[PDB]
Every structure is written in structure tokens, then in C-alpha cells.
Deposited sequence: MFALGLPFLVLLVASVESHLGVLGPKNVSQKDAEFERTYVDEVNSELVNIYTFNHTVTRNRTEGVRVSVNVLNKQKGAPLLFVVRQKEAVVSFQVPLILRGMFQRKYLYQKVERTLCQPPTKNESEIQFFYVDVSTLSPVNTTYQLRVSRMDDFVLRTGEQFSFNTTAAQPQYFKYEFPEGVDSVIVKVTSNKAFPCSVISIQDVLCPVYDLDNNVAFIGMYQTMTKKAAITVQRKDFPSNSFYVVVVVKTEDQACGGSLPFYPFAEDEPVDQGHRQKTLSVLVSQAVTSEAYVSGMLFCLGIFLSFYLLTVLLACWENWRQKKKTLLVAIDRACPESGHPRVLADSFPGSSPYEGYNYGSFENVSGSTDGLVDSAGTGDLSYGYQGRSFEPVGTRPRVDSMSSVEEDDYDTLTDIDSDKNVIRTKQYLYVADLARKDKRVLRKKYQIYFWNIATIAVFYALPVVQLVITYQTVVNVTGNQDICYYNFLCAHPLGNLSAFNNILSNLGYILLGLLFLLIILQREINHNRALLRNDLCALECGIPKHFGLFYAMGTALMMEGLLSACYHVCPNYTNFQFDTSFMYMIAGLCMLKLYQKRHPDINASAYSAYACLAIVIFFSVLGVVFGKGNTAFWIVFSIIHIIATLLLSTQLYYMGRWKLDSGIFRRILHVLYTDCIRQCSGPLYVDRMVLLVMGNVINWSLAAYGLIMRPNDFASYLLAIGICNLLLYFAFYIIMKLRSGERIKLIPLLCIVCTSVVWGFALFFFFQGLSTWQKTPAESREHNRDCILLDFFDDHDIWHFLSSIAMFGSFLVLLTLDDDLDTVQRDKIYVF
């Protein structure tokens, strides 16, 4: 009538090969002595031998304050009614902190089945000598979809923040790495892991910044859970029998992970970064002040477009950043988690200080255009013959545009670097096209006075490039057919604009111009970055940096000669452009289909432990732009007495 019930004492680190049926329940009693200042983990492992799909085993682990249960072989789900079946299951047991200095704690394991056949299982309860993580010591382990793991880290003395870096040398088991507090239970299942805490799907890398003020116990759990399907990490899926009713044996895929918890930049990294920024971008101001005191003693549309954008920029990103602030789902903003230093609510504060160069060099330029205009008007009371003939008609209206577009760049990008994304991308790099545009009009608008009608001619072209990026944005991972057709339609524009400016060197002019477009084509074809609007920016400068040379070479072959004061700004502008494009090309693939794949491109800080490569791009770009404004400005200053060459140049 009544079932057998076998109660038997058991021991740690000793494997039991028993069996149960529908008329048999096995109960094992384990005990262990726990101590306050040395915590251990108890990991139960079950494994059924050559089991038929009739009816599973039912395993219950009973502790003083918790009941855990599962059924073996454990069945997990897929997307489209796909079941995966695991013969072997494991769990680390959650247990609350011990109230005494040391106490004996019992727990029980209960094995029962409702199938009428002898089912042979294999049980083993082991003690983990590696449960407590250490600061600065790599630790490696294994996990599968039926064997989730978790470890404990407790903060050292006086360390107020850490970063947990987890790495894997192989791509496709997926994973979720959650960071939870040390209160039982622990949510280490495919459906519990995203309930609370802050987490990150990985493929090869994950990195999470943790601070004490979120964990009043001064400790937390790092939880690793492997997933049954790799779609969330950019992987494909097969199904030969998978969609059928029966489950699919999937116990053959493991993930081998390494975890390292290391201290973060304490506080003086922030001071060093701020002092570096201020020093380098005020050296320019001091240099200009001394330069002036030496040498002297020897419109609304651009702002409104940004204003009618910045508020949508401010509102969109803030409404989008707050999710990770409250949800902990860190697969939403595409930071560089290995170099991302929080301040207040900002996650990557260093990716915002970097945009101080645009602000403070777009403001130093406006203080040059203003000083040139004022000085020129202070000359107009003396009435020298150089009104507009002995020199060139001064049109600062589009200088002010250049000096104020550089300012808005240090706000469109500083606000974009709050949660970089795909929907969020167009704010920063697309507005550098404007500066690229204005740097082209000047050299045209210098040899052609009545170009105010042509000023609006280029305004139409700028939206097309934004539309072209938008057209590329419509399919961010578009096929080659999009890429090559855009590549070939690029090829037409090579000779198309070359004809506008066109005599031996003009036939030589076609040599370097067409090559670069052809050169830049292949590096696009072979790579095809997910980021396209950033790609075309490179074509922007490369043609722009070429077109300076053309204006010089034609000027090189006249009686007009280049003075050093507007020449020393040509070599240094090109040197900084060379460096700036090096760090620009470092991060160009570091944005891909999914955050898991976009995260295996992260890399540590470089400068003062604070700034990465993309911060060094915000630095050199704002100096190259400013270094190019003074080229357009000073270049033709030797023509302060000539009225024939300047007038009949074009």
C-alpha cells in the first residue's frame, strides 16, 4: 500500500548511485558546520543515467529557510515551441548569513518519481573551496544551461567601487551575467535572472561597475546563466527535428568563463582628466593672448536647427538613459564598459569631458573673428584703399557659422554620449558635415563673390548625405546590393565634382582625387561597417583635406606666395588630422548588430587611466577643426595690397 521511504545519512564529496520508482522515495540528510568569517558554497549535482522520457525524477532540496525543487531531465524552452532536454543538473545552494560564530546546519535531498520503472540516478553534494571571489585574481569555471553558477564578492577595506570583468575565449554559448545582493533567494534561472539587479548579455566579454551604496551588506553575487539559444547574441538557429514535439538533447555545449573583480579609479583620475582638459584647451587661449600682444606691438537658422534638435536630443536620450538607471538591463546603451567612469547619474562621464574641446575651441575662434572684424572696423575710420579690392571682400557671416557649429558639436555629441545607440547616432557625426560643408564654401566663396545664391545650393546637398545615411540607416545591416550600388553611384561623383574646378596640374588634379574615392571604396566594401554615417564622414574630411591642397597648388603656381604665419597652420593642421584619423579608425567596427557583439570590442583606458581611443578622437578632432579654421582665415593674408590677382583669380 504505502510507499517505501528510505531515510539515510549522507556525506559531502561522495557520489551515490541509487534508484527510485513509483513506490519508492529516497531522502538523504546532509549536515555541515558553517562559520561567520569563512563562507562556503554547497553545490548539489544530479545526473540521470540512460533515462527514458516516461516520467522524470523530482528533486527537492529542503533547508531551514528555503525549499528548492526541479525535475530531471530538465526541459528548457526555445522560441518556437522548441524544448531542450538536459540529463544533468546542478545548483549552488543559497543560504542566509549565519547568526552565530559557527553552527551545524542540516539540509535534505528528496528524490522521487511517478514512473513505474526503475530509474537510476547519480547524486553528489560537494563543497566549493572557490565560492568567495578575490580582488585582482582571475578565476575560471564552467557552466551550461542546466548548471547555472554564482559566486560571492565582498568589498575589501576602503574600496568603494569595483568592476567585474568576465571573459570567454569562444563565442556562442550565450550568457546572462547578473549582479544581485546577498539576500536569499538567488535568481539563477532562465526566467528569474532578469527580475532584479543589473545584468549584461555577453558573447566574449562583459564588464559591470559596482558600488557599495547599492549593497548595504557590502557584498554581492555574480550570477552566470547560459542560454539555450544564441539569437540574442547575433547567432542563427537550425531545426531539423527541433520544432517537433520531443525535446532536443543539448547537454553537449559548455561555456568556460573567467571572472576578475578589480578596483576602479579611486577619485584622482577624475581630477587628472579635468586638469588635463583644462590645461590643454587653455594653453590655446594663453597662446592667442600672447600672440596678439606680440604681433600688434611689432544666422539664426543654424542655432534654431540645433535648438529644434538639442531639446529633442536632451529629451530623447534622457528618456532613454533612465531605463538602465532603473532597470539594470545594460544591453540598451552601447558604452565602452571597460573605460566608462560614472559620475552622478552619468554612466560614461569621460565621454562627455572629451567634448570640452569643441566648446572651448569654437569659443576661441569666435573671439578671433570678432577681433578681426573689430580691428577691421577700427581701420575703416582711417579709410585705407584696401576696402575690398586691395584684399578680398571680408565675409565673416559664414565664419561665425563655422565658429558656432563647432560649439554645437560639443553639445550634440556630449548629449549623444549619454546612451549611444542606433536611433541616437545621427546627432553627433551628421552635424560635423555642416562644418565640413562650411569649410568647402569658404574657398569657393573666396573666388566667387556673389555666391549667396550658391550658399543655399549646398544646403540642399547636406540633407541628401543625411538622407543617404538615413537610407543606409533604414537597413543598418544591409546587403552588399545596397553597399555596392551606393559605391558605384559614388564613383560617378568622383569625376562629377572634378569637372567643376576644371592646365597640366589640372590633369594631374584628376590623379589623386579619383584614387582616394576608389581607395576609400574598397575599405568600405571589404569591411562594410554597421556604422555608415561615421564612414561617410571619413570621405568628408578626405576630400575636404584634399581640396585644401588644390587651392594651394594652384596658388603655388602664381606670383602669389604663402607667408609662414598662414603656412605654419597648414603643416600642423595636417599632422593633427593624421593622428586624429588614427584614433578614429580604432573605433569604427566597435558597434555591431547586438550589444553582446558590440561589447567584445571594448578596450581599457589609455590616457591617465581615464580616456580611451574615442575620447582621444574628441580631443584631436576639435583641434584639427580649429586648426583648419585658421587655414581658411589666415591663408590669403599676403594679398593685402593686390587688386588684380585677387579679382581675376576666378
query	finding
Missing CA stretches, deposited numbering from 1, N-terminus first	1-23, 322-449, 654-684
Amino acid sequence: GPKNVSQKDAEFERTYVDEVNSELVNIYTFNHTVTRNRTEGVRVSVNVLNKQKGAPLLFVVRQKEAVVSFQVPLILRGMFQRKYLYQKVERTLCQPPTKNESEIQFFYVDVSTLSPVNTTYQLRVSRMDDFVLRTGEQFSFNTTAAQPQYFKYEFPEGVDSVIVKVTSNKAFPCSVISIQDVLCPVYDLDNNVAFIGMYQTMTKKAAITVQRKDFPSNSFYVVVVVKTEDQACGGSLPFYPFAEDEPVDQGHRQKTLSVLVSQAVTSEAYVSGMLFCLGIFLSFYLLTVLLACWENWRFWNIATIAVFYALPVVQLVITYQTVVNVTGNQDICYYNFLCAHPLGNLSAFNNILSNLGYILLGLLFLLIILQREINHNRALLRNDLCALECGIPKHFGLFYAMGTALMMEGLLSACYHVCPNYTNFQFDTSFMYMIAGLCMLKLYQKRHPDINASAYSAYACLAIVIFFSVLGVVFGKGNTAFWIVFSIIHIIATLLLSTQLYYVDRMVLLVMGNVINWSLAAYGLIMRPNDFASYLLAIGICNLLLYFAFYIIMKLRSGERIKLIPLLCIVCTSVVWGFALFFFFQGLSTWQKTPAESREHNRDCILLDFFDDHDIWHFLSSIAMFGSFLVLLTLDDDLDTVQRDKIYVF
From here on, numbers count along this sequence of modelled residues.
query: Other entries lacking residue 315, at least a third; finding: no
query: Other entries lacking residue 83, at least a third; finding: no
